[PDB]
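A.B. asks: The structure under discussion is supplied below as structure tokens; questions concerning it will follow.
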Amino acid sequence: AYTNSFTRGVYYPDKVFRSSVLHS
Amino acid sequence: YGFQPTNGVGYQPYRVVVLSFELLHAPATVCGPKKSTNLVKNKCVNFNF
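If you want it as structure tokens, here you go:
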């Protein structure tokens, strides 16, 4: 079988805190 | 290399060590000696963390 993720597999690219900031 | 003791310089064996300092994204690691110290507050200071 195969299935569809929707919005899955997002990890914090590294340390360094951060707040409201649409960071790219 | 067929090294032989009666070789002119530039054909004698040299040993080499290459140190490569890398900085991933951890919290810290090895370093020189330093001395460390306490820490004030509100006192414009020159700091190294």
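Each protein sequence line maps, in turn, to chains A and B. The opening residue of the first sequence carries number 1 in our numbering; numbering runs sequentially from there. The opening residue of the second sequence carries number 1 in our numbering; numbering runs sequentially from there. C-beta atoms are modelled at their ideal positions from N, C-alpha and C, and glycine is treated no differently.
Taking the alpha-carbon positions, what's the B/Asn46 to B/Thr37 distance?
C.D. replies: 12 Å
A.B. asks: I believe B/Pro13 touches B/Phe3 by the beta-carbon criterion, under 8 Å. Please report the beta-carbon distance rounded to the nearest angstrom.
C.D. replies: 5 Å
A.B. asks: Quick check on this structure: which residue in B/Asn48, B/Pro5, B/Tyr1 and B/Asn7 has the alpha carbon closest to the alpha carbon of B/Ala28?
C.D. replies: Measuring from the Cα of B/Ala28, the nearest candidate turns out to be B/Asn48.
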